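Spelled out, the chains give:
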Amino acid sequence: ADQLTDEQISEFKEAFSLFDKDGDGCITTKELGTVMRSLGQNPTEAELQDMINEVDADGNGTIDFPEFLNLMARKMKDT
Ligand SMILES: [Ca+2]
Ligand SMILES: [Ca+2]
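In this report, we go over the structure that sits alongside the text. (Residues numbered from 1 in each chain as written, not as in the entry; some residues may be left out. Chains lettered and ligands numbered in written order. Heavy atoms only, no water.)

### Remarks on the coordination of the calcium ion (ligand 2)
Around the calcium ion (ligand 2), the donor atoms from the protein are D56 (OD), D58 (OD), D58 (OD), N60 (OD1), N60 (ND2), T62 (O), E67 (OE) and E67 (OE), and they sit 2.6 to 3.0 Å away. One chain supplies every donor for the calcium ion (ligand 2), spaced along it as D-x1-D-x1-N-x1-T-x4-E. Residue class for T62 comes out partly exposed when judged on its relative accessible area of 23%. (Donors = N, O, S within 2.8 Å, 3.2 Å for Na, K, Ca; no water. Buried < 20%, exposed > 50% of the residue type's maximum accessible area, 1.4 Å probe, protein only.)

Okay, structure coming up:
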């Protein structure tokens, strides 16, 4: 939104690699769940898949980095 900056990018990137326990460049529902779980959040399994599927514009069931920018870009909706 309003053109992303370096800080919002680098911070996003660090956040994403950070979520990648294996640093394989992919976030699975388990890793995402580890985080959501640890974040006082408790999504249902179907929900995580569905949540991923909304961003899975590609259809892989996992999150890459740009897919993660979309996810966080929409999330940052907080106007
Ligand atoms: Ca992974
Ligand atoms: Ca995807």
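Past the structure itself, the notes keep going.
### Observations concerning the coordination of the calcium ion (ligand 1)
The calcium ion (ligand 1) binds to the protein through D20 (OD), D22 (OD), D22 (OD), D24 (OD), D24 (OD), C26 (O), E31 (OE) and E31 (OE); the donor distances cover 2.6 to 3.1 Å. As a motif over one chain, the donors of the calcium ion (ligand 1) read D-x1-D-x1-D-x1-C-x4-E. Given the relative accessible area of 25%, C26 is considered partly exposed.

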